[PDB]
Each structure stands twice: as C-alpha cells, then as structure tokens.
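Text of structure30.txt, listed as compact mmCIF, C-alpha atoms:
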```txt
# COMPACT_ATOMS: atom_id res chain seq x y z
CA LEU A 1 0.00 0.00 0.00
CA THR A 2 2.95 2.37 0.45
CA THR A 3 4.09 1.51 -3.08
CA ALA A 4 0.52 2.03 -4.30
CA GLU A 5 0.24 5.38 -2.51
CA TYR A 6 3.55 6.48 -4.02
CA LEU A 7 2.74 5.45 -7.59
CA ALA A 8 -0.87 6.64 -7.63
CA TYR A 9 -0.50 9.92 -5.76
CA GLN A 10 3.04 11.11 -6.55
CA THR A 11 2.95 9.69 -10.09
CA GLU A 12 -0.73 10.01 -11.18
CA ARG A 13 -1.39 6.43 -12.25
CA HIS A 14 -4.03 3.87 -11.35
CA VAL A 15 -2.84 0.98 -9.20
CA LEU A 16 -5.32 -1.81 -8.33
CA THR A 17 -3.53 -3.38 -5.41
CA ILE A 18 -4.31 -7.10 -5.18
CA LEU A 19 -3.70 -8.31 -1.64
CA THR A 20 -3.79 -12.06 -1.12
CA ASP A 21 -4.66 -14.17 1.93
CA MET A 22 -5.79 -11.45 4.29
CA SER A 23 -6.70 -14.42 6.48
CA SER A 24 -2.95 -15.11 6.59
CA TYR A 25 -2.42 -11.42 7.36
CA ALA A 26 -4.86 -11.70 10.28
CA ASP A 27 -3.03 -14.81 11.50
CA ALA A 28 0.17 -12.75 11.44
CA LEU A 29 -1.66 -10.05 13.41
CA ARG A 30 -2.63 -12.71 15.95
CA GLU A 31 0.99 -13.86 16.24
CA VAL A 32 2.23 -10.29 16.69
CA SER A 33 -0.44 -9.40 19.26
CA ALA A 34 0.25 -12.50 21.33
CA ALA A 35 3.98 -11.75 21.16
CA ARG A 36 3.04 -8.96 23.56
CA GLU A 37 0.79 -9.71 26.55
CA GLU A 38 -2.39 -8.88 24.61
CA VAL A 39 -5.33 -11.11 25.52
CA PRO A 40 -7.02 -12.68 22.45
CA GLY A 41 -10.26 -11.11 21.30
CA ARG A 42 -13.43 -12.66 19.90
CA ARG A 43 -11.89 -15.53 17.92
CA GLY A 44 -8.29 -15.24 19.08
CA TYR A 45 -7.63 -12.32 16.76
CA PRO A 46 -6.79 -9.01 18.47
CA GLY A 47 -9.56 -6.58 19.33
CA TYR A 48 -7.93 -4.00 17.04
CA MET A 49 -8.19 -6.15 13.91
CA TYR A 50 -10.92 -3.72 12.85
CA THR A 51 -8.42 -0.86 13.09
CA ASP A 52 -5.62 -2.76 11.32
CA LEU A 53 -7.82 -3.95 8.45
CA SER A 54 -9.35 -0.48 8.23
CA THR A 55 -5.92 1.08 7.77
CA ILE A 56 -4.82 -1.48 5.18
CA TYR A 57 -8.05 -1.21 3.19
CA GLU A 58 -8.74 2.52 3.38
CA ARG A 59 -5.16 3.25 2.30
CA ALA A 60 -6.78 3.28 -1.17
CA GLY A 61 -9.27 5.56 -2.91
CA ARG A 62 -9.31 8.50 -5.30
CA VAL A 63 -8.15 11.98 -4.31
CA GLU A 64 -8.79 15.56 -5.39
CA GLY A 65 -5.59 17.17 -6.64
CA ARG A 66 -4.03 13.97 -7.98
CA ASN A 67 -5.19 12.22 -11.16
CA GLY A 68 -4.52 8.77 -9.73
CA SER A 69 -6.47 6.05 -7.99
CA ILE A 70 -5.82 2.97 -5.86
CA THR A 71 -8.14 -0.02 -6.05
CA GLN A 72 -8.03 -2.99 -3.69
CA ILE A 73 -8.87 -6.66 -4.13
CA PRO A 74 -8.15 -7.96 -0.60
CA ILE A 75 -9.05 -11.59 -1.43
CA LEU A 76 -9.88 -13.21 1.89
CA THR A 77 -9.83 -16.90 2.78
CA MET A 78 -12.94 -17.69 4.82
CA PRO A 79 -11.79 -20.34 7.33
CA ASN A 80 -14.96 -22.42 7.79
CA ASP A 81 -16.87 -21.10 4.75
CA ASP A 82 -18.72 -18.63 6.97
CA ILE A 83 -19.22 -14.87 6.92
CA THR A 84 -19.76 -14.63 10.70
CA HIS A 85 -15.99 -15.06 11.12
CA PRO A 86 -14.28 -11.84 12.26
CA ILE A 87 -12.07 -11.55 9.16
CA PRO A 88 -14.98 -11.58 6.66
CA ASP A 89 -17.16 -9.52 9.00
CA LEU A 90 -14.63 -6.71 9.42
CA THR A 91 -13.59 -6.90 5.77
CA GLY A 92 -17.21 -6.45 4.74
CA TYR A 93 -17.53 -3.56 7.19
CA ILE A 94 -14.56 -1.59 5.85
CA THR A 95 -14.66 -2.60 2.19
CA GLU A 96 -17.27 -1.67 -0.40
CA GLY A 97 -18.43 -4.90 -1.97
CA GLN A 98 -18.05 -8.66 -2.04
CA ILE A 99 -17.02 -11.20 -4.67
CA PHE A 100 -17.83 -14.75 -3.60
CA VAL A 101 -16.01 -17.84 -4.82
CA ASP A 102 -18.28 -20.85 -4.36
CA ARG A 103 -17.35 -24.45 -3.63
CA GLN A 104 -20.54 -25.55 -5.39
CA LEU A 105 -19.34 -23.81 -8.56
CA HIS A 106 -15.78 -25.06 -8.09
CA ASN A 107 -16.84 -28.71 -7.80
CA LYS A 108 -18.56 -28.42 -11.19
CA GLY A 109 -15.36 -27.37 -12.97
CA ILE A 110 -16.62 -23.82 -13.56
CA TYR A 111 -13.75 -21.33 -13.64
CA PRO A 112 -13.79 -18.81 -12.18
CA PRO A 113 -16.05 -20.37 -9.55
CA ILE A 114 -17.68 -17.03 -8.76
CA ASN A 115 -21.38 -17.02 -7.88
CA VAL A 116 -23.02 -13.67 -8.57
CA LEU A 117 -25.88 -14.03 -6.07
CA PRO A 118 -23.94 -13.25 -2.85
CA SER A 119 -21.42 -11.13 -4.74
CA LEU A 120 -22.13 -7.44 -5.27
CA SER A 121 -20.29 -4.17 -5.82
CA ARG A 122 -21.94 -1.35 -3.89
CA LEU A 123 -20.29 1.22 -6.19
CA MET A 124 -21.37 -0.47 -9.42
CA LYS A 125 -23.74 2.31 -10.50
CA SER A 126 -20.83 4.76 -10.72
CA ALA A 127 -18.50 2.47 -12.67
CA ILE A 128 -21.08 1.04 -15.11
CA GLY A 129 -22.44 4.06 -16.98
CA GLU A 130 -22.76 5.61 -20.44
CA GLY A 131 -19.49 7.49 -20.80
CA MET A 132 -17.89 4.47 -19.13
CA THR A 133 -18.34 0.90 -20.45
CA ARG A 134 -21.45 0.83 -22.68
CA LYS A 135 -24.80 2.37 -21.79
CA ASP A 136 -26.55 -1.01 -21.38
CA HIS A 137 -24.17 -2.28 -18.67
CA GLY A 138 -26.28 -1.67 -15.57
CA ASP A 139 -29.56 -2.95 -16.98
CA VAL A 140 -27.85 -5.99 -18.51
CA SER A 141 -26.25 -6.84 -15.17
CA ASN A 142 -29.53 -6.42 -13.28
CA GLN A 143 -31.36 -8.60 -15.81
CA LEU A 144 -28.63 -11.25 -15.61
CA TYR A 145 -28.84 -11.29 -11.81
CA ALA A 146 -32.63 -11.55 -11.82
CA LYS A 147 -32.67 -14.34 -14.39
CA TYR A 148 -29.86 -16.21 -12.62
CA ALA A 149 -31.84 -16.11 -9.38
CA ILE A 150 -34.89 -17.35 -11.30
CA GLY A 151 -32.70 -20.08 -12.79
CA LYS A 152 -31.56 -21.27 -9.37
CA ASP A 153 -35.17 -21.21 -8.16
CA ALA A 154 -36.31 -23.23 -11.18
CA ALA A 155 -33.44 -25.71 -10.76
CA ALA A 156 -34.59 -26.31 -7.20
CA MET A 157 -38.23 -26.39 -8.37
CA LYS A 158 -37.74 -28.98 -11.12
CA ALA A 159 -36.94 -31.83 -8.75
CA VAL A 160 -40.01 -30.88 -6.69
CA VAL A 161 -42.76 -30.30 -9.26
CA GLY A 162 -41.40 -32.02 -12.35
CA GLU A 163 -39.85 -30.49 -15.46
CA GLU A 164 -43.13 -30.33 -17.40
CA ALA A 165 -45.12 -28.40 -14.78
CA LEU A 166 -42.58 -25.56 -14.84
CA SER A 167 -43.71 -22.40 -16.60
CA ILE A 168 -42.16 -21.10 -19.80
CA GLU A 169 -40.40 -18.48 -17.68
CA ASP A 170 -38.92 -21.40 -15.70
CA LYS A 171 -37.89 -23.67 -18.59
CA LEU A 172 -36.30 -20.83 -20.54
CA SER A 173 -34.73 -19.71 -17.26
CA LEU A 174 -33.23 -23.17 -16.74
CA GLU A 175 -31.77 -23.00 -20.25
CA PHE A 176 -30.41 -19.53 -19.46
CA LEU A 177 -28.90 -20.81 -16.21
CA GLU A 178 -27.14 -23.66 -18.00
CA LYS A 179 -25.76 -21.38 -20.72
CA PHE A 180 -24.82 -18.72 -18.16
CA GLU A 181 -22.88 -21.01 -15.84
CA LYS A 182 -21.25 -23.06 -18.59
CA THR A 183 -20.35 -20.23 -20.97
CA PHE A 184 -20.46 -16.82 -19.26
CA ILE A 185 -19.13 -17.55 -15.77
CA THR A 186 -16.98 -20.35 -17.15
CA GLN A 187 -14.01 -18.38 -18.46
CA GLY A 188 -10.67 -19.70 -19.64
CA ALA A 189 -7.88 -18.95 -17.19
CA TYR A 190 -5.97 -17.18 -19.99
CA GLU A 191 -9.00 -15.87 -21.92
CA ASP A 192 -9.07 -12.06 -21.92
CA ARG A 193 -12.68 -10.86 -22.14
CA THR A 194 -13.01 -7.10 -22.41
CA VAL A 195 -16.10 -5.53 -20.87
CA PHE A 196 -17.63 -5.08 -24.32
CA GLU A 197 -17.07 -8.72 -25.27
CA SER A 198 -18.49 -9.85 -21.92
CA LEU A 199 -21.54 -7.63 -22.42
CA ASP A 200 -22.01 -9.04 -25.93
CA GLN A 201 -21.92 -12.56 -24.46
CA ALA A 202 -24.43 -11.44 -21.82
CA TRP A 203 -26.75 -10.14 -24.55
CA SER A 204 -26.30 -13.43 -26.42
CA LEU A 205 -27.44 -15.25 -23.28
CA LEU A 206 -30.37 -12.88 -22.76
CA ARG A 207 -31.55 -13.14 -26.39
CA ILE A 208 -33.10 -16.56 -25.76
CA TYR A 209 -35.83 -14.57 -23.96
CA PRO A 210 -38.38 -12.73 -26.11
CA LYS A 211 -38.18 -8.97 -25.69
CA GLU A 212 -41.40 -8.98 -23.64
CA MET A 213 -39.85 -11.13 -20.89
CA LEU A 214 -36.82 -8.89 -20.22
CA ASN A 215 -38.54 -6.48 -17.83
CA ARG A 216 -35.66 -5.10 -15.74
CA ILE A 217 -34.08 -3.65 -18.90
CA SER A 218 -35.26 -0.19 -19.91
CA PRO A 219 -37.51 -0.11 -23.00
CA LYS A 220 -35.12 2.06 -25.04
CA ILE A 221 -32.06 -0.12 -24.40
CA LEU A 222 -34.15 -3.23 -25.00
CA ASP A 223 -35.40 -1.92 -28.35
CA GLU A 224 -31.92 -0.81 -29.43
CA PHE A 225 -29.69 -3.71 -28.35
CA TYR A 226 -31.95 -6.75 -28.78
CA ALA B 1 -67.90 -32.87 -15.88
CA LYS B 2 -70.80 -32.84 -13.41
CA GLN B 3 -72.86 -30.74 -15.83
CA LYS B 4 -71.81 -33.03 -18.69
CA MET B 5 -72.78 -36.05 -16.58
CA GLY B 6 -76.20 -34.55 -15.92
CA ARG B 7 -76.94 -33.93 -19.59
CA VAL B 8 -75.49 -37.29 -20.70
CA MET B 9 -77.45 -39.24 -18.09
CA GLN B 10 -80.62 -37.37 -19.09
CA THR B 11 -80.17 -38.28 -22.76
CA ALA B 12 -79.18 -41.86 -21.89
CA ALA B 13 -82.30 -42.28 -19.75
CA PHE B 14 -84.40 -40.88 -22.61
CA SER B 15 -82.79 -43.30 -25.08
CA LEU B 16 -83.29 -46.25 -22.71
CA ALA B 17 -86.95 -45.33 -22.22
CA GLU B 18 -87.43 -45.07 -25.99
CA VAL B 19 -85.77 -48.46 -26.52
CA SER B 20 -87.94 -50.06 -23.82
CA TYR B 21 -91.08 -48.56 -25.37
CA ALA B 22 -90.07 -49.83 -28.81
CA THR B 23 -89.36 -53.32 -27.47
CA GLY B 24 -92.62 -53.39 -25.50
CA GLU B 25 -91.02 -54.90 -22.39
CA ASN B 26 -88.32 -54.19 -19.82
CA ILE B 27 -84.96 -55.47 -21.08
CA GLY B 28 -83.46 -55.25 -17.59
CA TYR B 29 -84.17 -58.90 -16.82
CA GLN B 30 -82.58 -60.03 -20.10
CA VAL B 31 -79.56 -57.78 -19.50
CA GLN B 32 -79.14 -59.20 -15.99
CA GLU B 33 -79.42 -62.74 -17.36
CA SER B 34 -76.75 -61.95 -19.99
CA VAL B 35 -74.27 -60.62 -17.43
CA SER B 36 -71.80 -63.52 -17.54
CA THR B 37 -68.89 -61.22 -18.42
CA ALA B 38 -68.35 -57.47 -18.68
CA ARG B 39 -67.30 -56.03 -22.04
CA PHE B 40 -66.25 -52.73 -20.41
CA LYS B 41 -63.23 -52.44 -18.12
CA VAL B 42 -61.19 -49.61 -16.59
CA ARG B 43 -57.41 -49.73 -16.15
CA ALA B 44 -55.74 -47.36 -13.71
CA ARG B 45 -53.03 -45.12 -15.18
CA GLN B 46 -50.47 -43.36 -12.96
CA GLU B 47 -50.64 -39.93 -14.55
CA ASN B 48 -47.96 -37.66 -13.06
CA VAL B 49 -49.57 -34.22 -12.83
CA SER B 50 -47.23 -31.67 -11.20
CA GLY B 51 -45.28 -33.64 -8.56
CA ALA C 1 -55.09 -50.12 -8.46
CA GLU C 2 -54.64 -52.25 -11.58
CA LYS C 3 -56.61 -55.07 -9.94
CA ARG C 4 -59.73 -52.88 -9.70
CA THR C 5 -61.16 -53.15 -13.23
CA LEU C 6 -64.96 -52.82 -13.11
CA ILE C 7 -67.76 -50.25 -12.89
CA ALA C 8 -70.11 -51.02 -10.00
CA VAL C 9 -73.75 -50.00 -10.46
CA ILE C 10 -76.15 -49.80 -7.50
CA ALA C 11 -78.58 -47.34 -9.08
CA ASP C 12 -82.27 -47.71 -9.94
CA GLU C 13 -83.72 -50.40 -12.20
CA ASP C 14 -83.67 -48.25 -15.35
CA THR C 15 -80.13 -47.03 -14.66
CA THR C 16 -79.00 -50.59 -13.88
CA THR C 17 -80.50 -51.79 -17.17
CA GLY C 18 -78.74 -48.98 -19.03
CA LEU C 19 -75.41 -49.83 -17.40
CA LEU C 20 -75.87 -53.52 -18.21
CA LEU C 21 -76.64 -52.62 -21.83
CA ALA C 22 -73.44 -50.56 -21.84
CA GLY C 23 -71.68 -53.66 -20.49
CA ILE C 24 -70.05 -52.02 -17.47
CA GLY C 25 -71.59 -54.41 -14.95
CA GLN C 26 -71.66 -58.21 -14.96
CA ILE C 27 -72.11 -61.25 -12.72
CA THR C 28 -68.99 -63.35 -12.19
CA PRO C 29 -69.89 -67.05 -12.59
CA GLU C 30 -67.01 -68.45 -10.54
CA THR C 31 -67.34 -65.80 -7.81
CA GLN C 32 -71.18 -65.88 -7.88
CA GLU C 33 -71.15 -62.09 -7.45
CA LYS C 34 -72.69 -59.38 -9.63
CA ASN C 35 -70.73 -56.19 -10.26
CA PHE C 36 -73.98 -54.35 -11.08
CA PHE C 37 -76.82 -55.17 -8.68
CA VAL C 38 -80.26 -53.71 -9.37
CA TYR C 39 -81.75 -52.08 -6.27
CA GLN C 40 -84.53 -49.54 -5.75
CA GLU C 41 -86.15 -47.80 -2.79
CA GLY C 42 -88.92 -50.39 -2.54
CA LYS C 43 -86.62 -53.33 -3.23
CA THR C 44 -84.63 -54.65 -0.24
CA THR C 45 -84.09 -51.85 2.34
CA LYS C 46 -81.81 -48.97 3.28
CA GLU C 47 -79.67 -51.26 5.43
CA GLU C 48 -79.37 -53.78 2.59
CA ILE C 49 -78.41 -51.01 0.15
CA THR C 50 -75.77 -49.71 2.57
CA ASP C 51 -74.38 -53.22 3.06
CA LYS C 52 -74.22 -53.78 -0.70
CA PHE C 53 -72.45 -50.43 -1.18
CA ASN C 54 -69.95 -51.29 1.56
CA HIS C 55 -69.30 -54.70 -0.02
CA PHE C 56 -68.77 -53.09 -3.43
CA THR C 57 -66.41 -50.48 -1.97
CA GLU C 58 -64.34 -52.84 0.21
CA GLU C 59 -65.20 -56.52 -0.33
CA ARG C 60 -65.40 -56.12 -4.13
CA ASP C 61 -61.79 -55.19 -4.81
CA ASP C 62 -62.37 -55.40 -8.58
CA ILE C 63 -64.75 -52.42 -8.39
CA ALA C 64 -63.11 -49.18 -9.54
CA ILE C 65 -65.99 -46.74 -10.15
CA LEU C 66 -69.25 -47.02 -8.19
CA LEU C 67 -72.45 -45.65 -9.75
CA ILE C 68 -75.15 -45.17 -7.10
CA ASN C 69 -78.53 -43.51 -7.62
CA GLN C 70 -79.04 -40.14 -5.96
CA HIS C 71 -82.29 -41.40 -4.44
CA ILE C 72 -80.43 -44.50 -3.23
CA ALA C 73 -77.53 -42.35 -2.00
CA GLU C 74 -79.95 -40.19 0.00
CA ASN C 75 -80.72 -43.14 2.28
CA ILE C 76 -77.03 -44.13 2.18
CA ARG C 77 -75.76 -40.61 2.83
CA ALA C 78 -73.97 -41.72 6.00
CA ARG C 79 -72.20 -44.52 4.12
CA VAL C 80 -71.27 -42.13 1.30
CA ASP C 81 -69.80 -39.67 3.81
CA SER C 82 -67.93 -42.48 5.58
CA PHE C 83 -66.48 -43.68 2.24
CA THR C 84 -63.72 -41.07 2.41
CA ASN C 85 -61.27 -43.31 0.54
CA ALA C 86 -60.64 -42.17 -3.03
CA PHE C 87 -60.64 -45.73 -4.38
CA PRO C 88 -63.14 -46.88 -5.41
CA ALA C 89 -64.61 -43.67 -6.81
CA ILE C 90 -68.26 -42.79 -6.16
CA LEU C 91 -70.45 -41.05 -8.74
CA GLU C 92 -73.68 -39.32 -7.68
CA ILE C 93 -75.70 -40.19 -10.78
CA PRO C 94 -79.43 -39.61 -10.18
CA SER C 95 -82.30 -41.98 -10.95
CA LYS C 96 -85.24 -41.48 -13.30
CA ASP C 97 -87.62 -38.57 -12.62
CA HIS C 98 -85.17 -37.19 -10.03
CA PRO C 99 -82.82 -34.31 -10.94
CA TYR C 100 -79.25 -34.48 -9.72
CA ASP C 101 -78.63 -32.55 -6.50
CA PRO C 102 -75.21 -30.84 -6.28
CA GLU C 103 -75.71 -30.33 -2.54
CA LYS C 104 -76.37 -34.04 -1.98
CA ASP C 105 -73.11 -34.95 -3.73
CA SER C 106 -70.53 -36.24 -1.24
CA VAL C 107 -67.52 -35.41 -3.42
CA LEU C 108 -68.78 -31.88 -4.13
CA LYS C 109 -69.41 -31.37 -0.40
CA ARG C 110 -65.65 -31.34 0.22
CA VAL C 111 -65.38 -28.19 -1.93
```
With the file now loaded, output its structure as structure tokens.
Amino acid sequence: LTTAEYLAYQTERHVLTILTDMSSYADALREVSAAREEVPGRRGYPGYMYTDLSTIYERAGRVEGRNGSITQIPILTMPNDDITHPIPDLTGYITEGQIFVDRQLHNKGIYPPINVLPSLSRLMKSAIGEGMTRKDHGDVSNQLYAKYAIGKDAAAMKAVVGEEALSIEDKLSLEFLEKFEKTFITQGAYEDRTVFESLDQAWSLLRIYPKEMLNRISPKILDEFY
Amino acid sequence: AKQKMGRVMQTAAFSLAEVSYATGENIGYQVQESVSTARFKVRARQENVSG
Amino acid sequence: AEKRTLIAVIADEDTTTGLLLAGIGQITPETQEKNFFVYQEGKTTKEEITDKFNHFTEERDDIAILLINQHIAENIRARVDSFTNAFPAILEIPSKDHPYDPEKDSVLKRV
C-alpha cells in the first residue's frame, strides 16, 4: 500500500492493489499481538483487527488534486466457509463490496467459480455508466442477476414439481442458467474478455428470452440492443 | 364434468326409455341374465400431474 | 389399483338396465357375485343397500368406479360420507324422474 500510494499519488497512475490471503495477514496479526501480553479477542484475533484492516483497506481511494487512484482486491480466505468469522465480517464492514467464490461452482469445474448471487459491488452504478463501459451495462447486469436467481429457483423447483409443470419463464430460465454457468461464468484462465465482449456474451445469453420477458431492462435499451 | 354427466345421463335415460317402449317390455331382466362377463373395463393409469 | 377393473352400479332399475346394456356391470360365474346389482327404494331396504355399497367399496376389490342412484344415495348418505377413501370412486348419478342434486353430492361437499 505504500508503493501504491507512491505510484498513484506522486505519479498520477491507477494501481489496483491485489492483496492475497488477508486471512494469513490476520493470523500474522494474531501472532504479533500474542507476542506482547495482549489477551485474544473474539476468535483469538486481536480486538484491534478492525483498526488494522481499516488502515490497510482505506489506504486506497481516489483523491482531489491527484489524477490517480488505488483499487483494492483484498481476497480473503474464509476459514470455515462462513461470513460470521471476524475476518470476513470486518472486511465487509470496511470494504465496499463482495465477490464470492463458491465451492458448489468449483466442484462443477466452472472457472472462475464465482457465484453472482452473494457477490455485489456497492459502487457499481458509478462504474457502469454511459461514458464508461457501454450504456446497457447496468440494466444488462440487473437482468442477468434476476434471471440467474430465477434459474436457481427453477433448478430447485424442477426436482419438486417435475420439469413439465414448470412455466415457460422457468424452462427458458433453466436454459439460461445452464448457458450462463457453462459459458459466461466459465471463463478460460488465460482468456481475456473485455467488458464489451463480456456484455455481448451477456446479450447473447439474454436473447433466448423474447423482448417482452426482459422487464428489468429499460424499453429504449431493450429496443436498441436486442 | 358434473354438468356433462347430468346432460349425458338425461339423454341416456331418454334413449333407454325409448328403446324399452319400442321393445314393448323391460330389457333389464334379459340384461341381468346376460351378465356372464363385462365387455367394459377400466385400467388405472399413474398420470404424473405436477409432482 | 390395476386389480380394480370394473364399474359397479347400484342405481335404480332403469339405470341398472342402461349400465348392463353398456356392459359395465356383470355377474362373475365363478365368484357368484354381480358387479352391477339392481336395487330400488322399494326393493330390499336402506340397510341392505348400505351393506351392498360397503361390499362393493371394500369386499369387491375389482370395483373401480361405483355408480349409485341419488335417491339411493340419500338413504345411504352416512355410508357415502364415511367412504372417504378415493378408491373406489363414487359417482352421484341420479335416478329417473329425479334431478341431480349438487348439494347431496358427497364429493362436491368437500369443496
């Protein structure tokens, strides 16, 4: 973060720090705290883990006079696959979004095994705009999220009420879910997909729906891009 | 189907009465006598509606 | 079940004759039992009609659909209500000169 601060603020370039194993960093904090006579906190980690993680995370951000930015991808390692753990809890408190890697997706050979239902970026509306990206980005993402949730619901519903009894909006949603997980989320480790190419793939996935079904997309964008 | 049953049973009763009047006697006794075997049978089918 | 392959008729004389002409009911020679038994209000009694209906529903396993006259079912209303089991099915077909009563139907009463 000192290197990032230097480059971004005294050089006017964008950084995107990618920290790795902040769980390992918290373990190091535990070791350092117990080197002194500090009594362990909630889960053995020090009571000032909130302060330490806050410093490390909020070292980033844009500034006024300088034309440079620092972005952070802390990349935690949830110990028991739970969010109630102090490291994920505090990281969610300080940070400004979540990207979830799912064991269910990983066990199906889907790379990257990111599930978009628990994952969100609170600052997405600013990044995905018209001058930035392409003007359909936000509506396309919202439609993809809604239809992916409907796909999960229909996948659970099929084994309960049979495939035939599902509505058209459930059968087409199952097809969308299959194509979405196996072609959109499933990305080659060395495949570079620009935002425009990814949005084109997203539109290709959405096009299986007739224009009347895509309701979260604005009418103008729907009429222009479909 | 209840309405259809009502109309169908009405017309079947009318047809049976007409047949009995044409024959001049009640064919119920003859039908009961010729009841050795049933030409109509129903086989259960496990239709899977919803779950 | 697949074993139950018959259409029991316990309706009036005219309805029983019509069912026999259709061929739904018959008398088994070996079993000495009739799938379609003709019974009216004057013939036999209410207790006999109820016993015959109970035998058709339970003792006669081959019976799948039971056709009972509405006039006959009026005196066997308690038996019809007690026959809560779906199999064999019960149809509230009415007899001659008696319109069908939706209120008197046991199946429709559950609605």
Q: Quick one: everything within 7 Å of residue B:31, counting only C-alpha atoms, minus sequence neighbours fewer than 3 positions away in the same chain. Send it as a ChimeraX atom specification.
A: /B:27-28,34-35 /C:17,20-21
Q: Work out how far atom CA of residue A:215 is from atom CA of residue A:172, in Å to one decimal.
A: 14.8 Å
**Q.** Surrounding residues of stretch 176-183 of chain A excluding itself and chain neighbours under 2 positions, 10 Å, all atoms listed in the file, as a ChimeraX atom specification
**A.** /A:105,108-111,113-115,144,147-152,154-155,170-174,185-188,201-202,204-209
Q: For residue A:222, list every protein, DNA or RNA residue within 10 Å, evaluated using all atoms listed in the file, and leave out those in the same chain fewer than 4 positions away; present the list as a ChimeraX atom specification.
A: /A:136,139-140,211-212,214-218,226
Q: Considering only C-alpha atoms, extract the chain B residues located within 6 Å of chain C and return them as a PyMOL selection string.
A: chain B and resi 28+31+35-44
Take the residues that were just selected and, keeping C-alpha atoms, output them as a PDB file, in the frame of the given file.
```
ATOM      1  CA  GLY B  28     -83.460 -55.250 -17.590  1.00  0.00           C
ATOM      2  CA  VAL B  31     -79.560 -57.780 -19.500  1.00  0.00           C
ATOM      3  CA  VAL B  35     -74.270 -60.620 -17.430  1.00  0.00           C
ATOM      4  CA  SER B  36     -71.800 -63.520 -17.540  1.00  0.00           C
ATOM      5  CA  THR B  37     -68.890 -61.220 -18.420  1.00  0.00           C
ATOM      6  CA  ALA B  38     -68.350 -57.470 -18.680  1.00  0.00           C
ATOM      7  CA  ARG B  39     -67.300 -56.030 -22.040  1.00  0.00           C
ATOM      8  CA  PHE B  40     -66.250 -52.730 -20.410  1.00  0.00           C
ATOM      9  CA  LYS B  41     -63.230 -52.440 -18.120  1.00  0.00           C
ATOM     10  CA  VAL B  42     -61.190 -49.610 -16.590  1.00  0.00           C
ATOM     11  CA  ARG B  43     -57.410 -49.730 -16.150  1.00  0.00           C
ATOM     12  CA  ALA B  44     -55.740 -47.360 -13.710  1.00  0.00           C
TER      13      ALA B  44
END
```
Write down, as a CSV table (one decimal) with C-alpha atoms, keeping the file's coordinate frame, each residue of chain B that has any atom within 10 Å of an atom of chain A, counting all atoms listed in the file.
```csv
chain,number,residue,atom,x,y,z
B,48,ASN,CA,-48.0,-37.7,-13.1
B,49,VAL,CA,-49.6,-34.2,-12.8
B,50,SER,CA,-47.2,-31.7,-11.2
B,51,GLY,CA,-45.3,-33.6,-8.6
```
Q) Suppose you want the space between atom CA of residue C:47 and atom CA of residue C:68; what is it in Å? A) 14.6 Å
Q: Excluding residue A:96 and residues on its chain fewer than 5 positions from it, collect all residues at most 9 Å away from it, counting only C-alpha atoms, and give them as a ChimeraX atom specification.
A: /A:91,120-123
Q. Which distance in Å separates atom CA of residue C:39 and atom CA of residue C:82, to one decimal?
A. 20.6 Å
(Q) Excluding residue A:16 and its own-chain neighbours fewer than 6 positions away, which residues fall within 10 Å of it when counting all atoms listed in the file? Please give them as a PyMOL selection string. (A) chain A and resi 4+8+60-61+69-73
Output file for the residues above (C-alpha atoms, as a PDB file, in the frame of the given file):
```
ATOM      1  CA  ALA A   4       0.520   2.030  -4.300  1.00  0.00           C
ATOM      2  CA  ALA A   8      -0.870   6.640  -7.630  1.00  0.00           C
ATOM      3  CA  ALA A  60      -6.780   3.280  -1.170  1.00  0.00           C
ATOM      4  CA  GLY A  61      -9.270   5.560  -2.910  1.00  0.00           C
ATOM      5  CA  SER A  69      -6.470   6.050  -7.990  1.00  0.00           C
ATOM      6  CA  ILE A  70      -5.820   2.970  -5.860  1.00  0.00           C
ATOM      7  CA  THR A  71      -8.140  -0.020  -6.050  1.00  0.00           C
ATOM      8  CA  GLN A  72      -8.030  -2.990  -3.690  1.00  0.00           C
ATOM      9  CA  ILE A  73      -8.870  -6.660  -4.130  1.00  0.00           C
TER      10      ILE A  73
END
```
Requested file, stretch 12-24 of chain C restricted to N, CA and C atoms, as a PDB file, in the first residue's frame:
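Dumped to part_38.pdb:
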```pdb
ATOM      1  N   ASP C  12     -80.909 -47.226  -9.776  1.00  0.00           N
ATOM      2  CA  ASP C  12     -82.272 -47.708  -9.942  1.00  0.00           C
ATOM      3  C   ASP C  12     -82.341 -48.756 -11.053  1.00  0.00           C
ATOM      4  N   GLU C  13     -83.541 -49.314 -11.240  1.00  0.00           N
ATOM      5  CA  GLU C  13     -83.722 -50.399 -12.201  1.00  0.00           C
ATOM      6  C   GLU C  13     -83.423 -49.940 -13.623  1.00  0.00           C
ATOM      7  N   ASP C  14     -83.928 -48.764 -14.005  1.00  0.00           N
ATOM      8  CA  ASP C  14     -83.668 -48.255 -15.349  1.00  0.00           C
ATOM      9  C   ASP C  14     -82.189 -47.952 -15.550  1.00  0.00           C
ATOM     10  N   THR C  15     -81.554 -47.320 -14.559  1.00  0.00           N
ATOM     11  CA  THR C  15     -80.128 -47.032 -14.659  1.00  0.00           C
ATOM     12  C   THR C  15     -79.304 -48.314 -14.670  1.00  0.00           C
ATOM     13  N   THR C  16     -79.701 -49.307 -13.868  1.00  0.00           N
ATOM     14  CA  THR C  16     -79.002 -50.589 -13.883  1.00  0.00           C
ATOM     15  C   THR C  16     -79.128 -51.268 -15.240  1.00  0.00           C
ATOM     16  N   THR C  17     -80.319 -51.216 -15.842  1.00  0.00           N
ATOM     17  CA  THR C  17     -80.505 -51.788 -17.172  1.00  0.00           C
ATOM     18  C   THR C  17     -79.653 -51.062 -18.205  1.00  0.00           C
ATOM     19  N   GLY C  18     -79.587 -49.732 -18.118  1.00  0.00           N
ATOM     20  CA  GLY C  18     -78.738 -48.984 -19.034  1.00  0.00           C
ATOM     21  C   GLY C  18     -77.269 -49.329 -18.880  1.00  0.00           C
ATOM     22  N   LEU C  19     -76.803 -49.455 -17.635  1.00  0.00           N
ATOM     23  CA  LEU C  19     -75.414 -49.829 -17.397  1.00  0.00           C
ATOM     24  C   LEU C  19     -75.123 -51.233 -17.914  1.00  0.00           C
ATOM     25  N   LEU C  20     -76.055 -52.167 -17.708  1.00  0.00           N
ATOM     26  CA  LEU C  20     -75.868 -53.523 -18.213  1.00  0.00           C
ATOM     27  C   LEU C  20     -75.836 -53.543 -19.737  1.00  0.00           C
ATOM     28  N   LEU C  21     -76.684 -52.736 -20.378  1.00  0.00           N
ATOM     29  CA  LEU C  21     -76.640 -52.620 -21.832  1.00  0.00           C
ATOM     30  C   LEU C  21     -75.306 -52.047 -22.291  1.00  0.00           C
ATOM     31  N   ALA C  22     -74.779 -51.067 -21.553  1.00  0.00           N
ATOM     32  CA  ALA C  22     -73.440 -50.562 -21.842  1.00  0.00           C
ATOM     33  C   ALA C  22     -72.384 -51.642 -21.655  1.00  0.00           C
ATOM     34  N   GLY C  23     -72.634 -52.595 -20.762  1.00  0.00           N
ATOM     35  CA  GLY C  23     -71.685 -53.656 -20.495  1.00  0.00           C
ATOM     36  C   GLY C  23     -70.718 -53.383 -19.369  1.00  0.00           C
ATOM     37  N   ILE C  24     -70.952 -52.337 -18.575  1.00  0.00           N
ATOM     38  CA  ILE C  24     -70.047 -52.021 -17.475  1.00  0.00           C
ATOM     39  C   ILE C  24     -70.159 -53.064 -16.370  1.00  0.00           C
TER      40      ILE C  24
END
```
